[PDB]
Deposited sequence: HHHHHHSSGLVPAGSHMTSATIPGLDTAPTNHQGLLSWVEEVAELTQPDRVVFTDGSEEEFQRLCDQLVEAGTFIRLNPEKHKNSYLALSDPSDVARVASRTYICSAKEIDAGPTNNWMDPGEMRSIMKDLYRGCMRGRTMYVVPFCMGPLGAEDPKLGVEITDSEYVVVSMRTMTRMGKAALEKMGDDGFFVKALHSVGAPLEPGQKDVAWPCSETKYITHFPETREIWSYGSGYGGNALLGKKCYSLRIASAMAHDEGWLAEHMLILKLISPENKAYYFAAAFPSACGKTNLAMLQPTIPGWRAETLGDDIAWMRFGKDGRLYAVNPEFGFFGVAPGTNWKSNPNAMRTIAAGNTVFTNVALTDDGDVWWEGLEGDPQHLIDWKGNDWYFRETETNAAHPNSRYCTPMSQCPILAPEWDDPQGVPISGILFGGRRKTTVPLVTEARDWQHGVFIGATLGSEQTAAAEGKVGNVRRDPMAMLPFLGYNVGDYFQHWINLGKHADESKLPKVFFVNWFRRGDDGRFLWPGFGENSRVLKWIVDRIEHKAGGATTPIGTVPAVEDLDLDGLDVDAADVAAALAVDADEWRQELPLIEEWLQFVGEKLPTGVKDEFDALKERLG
């Protein structure tokens, strides 16, 4: 019963304008043996058809439309609840081209393993061919992809997370390049066999071939493992492209800040997961005359324009956010984005009237059905109602403070790049780099307590190539650029704590005051202290008007203590040794310079 190429249903009616794509699909279909092949078009009628089928399969339940229109809740197999690092590989030809932040395997060996897994993996399933565009369609030469998947769940979320379907397919023309992205949940079915709501496999791989720009995923239907745009393309493959083609693919939010004189500024900020970020991208300023709009909260792609400035575009089309922690008081604009519906919730809790709830959200519901389908009772049940890593998947276009430039293929000019992590000591609230190479060093040595892990540019699990070569790439772009047009680089810390354990700086909206200092520095309208680590404002350099806070706590937040920084040195030094032979001299230079300035 193994079926050949042109007898698999849906293959005879396949679009044929792009022969490379069609040959690839046929080769894949021959291998995985699905019941049928469907090319998705991203239309609303298709979206509803797939959602209905998801409801019928039990994968989705339809949420009360009075509270979220066109919205769904999906509960995963508990063994498949997140992105898995140790199962993620960069399979460059040479191990050194993956380097010490990456998991490597010989690509010939990986292909032998995965090709074996893929054989007959789609039996009894529909194989979807999902064309998609990264970034606005308006671009002349955008980065395109096609995800083949046996997961309908994946198709629906890809429609939200990328520009999916007919348009992207047309953009590929007859011979356009695209990233081949292959995915299976690894759960073949016999004829007539009852599926489960969330199929998956104990055997999981998430593999990237940087040279050919390919992504092979198997065994997981969840998140970044399966939505191949989200990190696999946006960061892993894209960063390798950017390396070769002279640009930057980064783990950054893009923020639009507008001053009281009505001038707009655009900032990119690299914070690791949970150092957010989502909150900064959706800032509501607490000082009069300042407004903020968002272009994105996770990925930024940046290229130098004609005028020598650095321009950023958000390559994604949707938000894929962590639900718990999100609430109306901390992040009302995120909540309003969600409130407009068209959202897929994964692993949150269900209320009695078909709303959704997760830990930290308002309401105090008395009874819930939790993320595993069990009864949950307020102030009694000892387990979390929602999975701690549960998700919302929501269109970007519903964000009430979406910047009008959000879908512009030309991008936005970046004035400032920010780096930050969770540091309870040592790092001050905000610091400005001395120049580009010092900013690269700051990015390169970014620490976050999540005992301090180094997470360079928030890219630790996401680099598509050797971390040292990546630092060198950052260095090279600044050396060959007009220094006057380069974004200024800043180093922030929202999480410094006093001895009594409280946050020295209140943060959230109040971070607008830090952003105001940053803008003034770019305009040369503010001063600061020259310290061994960079330019750090004193309390009197910050607008603290109307902020109910002890000025002493602010001074403490801004302090540069040499003893603390001397303890930081060997930690940094050991990280630079870990970076290995490809550590750029330029980075080591900045280490020595900082050490010398410290005395």
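**Study point:** Ranges missing from the model, given as deposited sequence positions
**Key:** Missing from the model are residues 1-14, 465-473.
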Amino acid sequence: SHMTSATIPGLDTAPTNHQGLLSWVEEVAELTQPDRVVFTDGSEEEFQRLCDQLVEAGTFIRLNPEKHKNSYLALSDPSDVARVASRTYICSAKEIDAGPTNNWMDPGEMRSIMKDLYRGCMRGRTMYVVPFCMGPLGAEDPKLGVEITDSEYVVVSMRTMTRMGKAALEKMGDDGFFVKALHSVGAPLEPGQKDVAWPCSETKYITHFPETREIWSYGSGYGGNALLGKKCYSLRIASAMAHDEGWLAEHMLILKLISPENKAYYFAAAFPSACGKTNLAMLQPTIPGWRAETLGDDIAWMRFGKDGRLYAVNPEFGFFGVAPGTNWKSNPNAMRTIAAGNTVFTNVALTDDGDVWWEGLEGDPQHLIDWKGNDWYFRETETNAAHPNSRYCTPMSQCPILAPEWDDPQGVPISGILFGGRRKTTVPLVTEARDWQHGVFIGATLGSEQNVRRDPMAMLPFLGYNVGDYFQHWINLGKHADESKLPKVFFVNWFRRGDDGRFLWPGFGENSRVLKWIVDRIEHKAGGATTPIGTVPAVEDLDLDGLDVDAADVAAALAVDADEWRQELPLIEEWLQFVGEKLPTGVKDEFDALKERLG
From here on, numbers count along this sequence of modelled residues.
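Review point. Which is higher on average in the deposited entry, the C-alpha temperature factors of 325-333 or of 420-428?
Key: Higher mean C-alpha B-factor: 325-333.
Point to revise | Between 279-287 and 143-151 (mean CA B-factor, as deposited), the higher | key: On average, C-alpha B-factors are higher across 279-287.
Point to revise | Residue, from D77, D469, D297, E261, that the PDB entry assigns the highest Cα B-factor | key: In the PDB entry, the greatest C-alpha B-factor among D77, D469, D297, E261 is found at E261.
Exercise for review: Have a look at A562, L54, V539, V536 and flag the one whose Cα has the highest B-factor in the entry.
Suggested key: The C-alpha B-factor peaks, among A562, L54, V539, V536, at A562.
Review point. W474: which third of its chain by C-alpha temperature factor?
Key: Tercile = middle for this residue's CA B-factor.
Check your understanding: If you rank the chain by CA B-factor, which third does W24 end up in: lowest, middle or highest?
Key -> Answer is highest: the recorded C-alpha B-factor places it there.
Practice item. Place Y265 in the lowest, middle or highest third of its chain's C-alpha B-factors, as listed in the PDB entry. Key: Middle third, going by the recorded CA B-factors of the chain.
Exercise for review: Please rank the C-alpha B-factors of the chain's modelled residues and tell me whether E293 sits in the lowest, middle or highest third.
Suggested key: Middle third, going by the recorded CA B-factors of the chain.
Point to revise | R119 by Cα B-factor - lowest, middle or highest third of the modelled chain | key: Answer is middle: the recorded C-alpha B-factor places it there.
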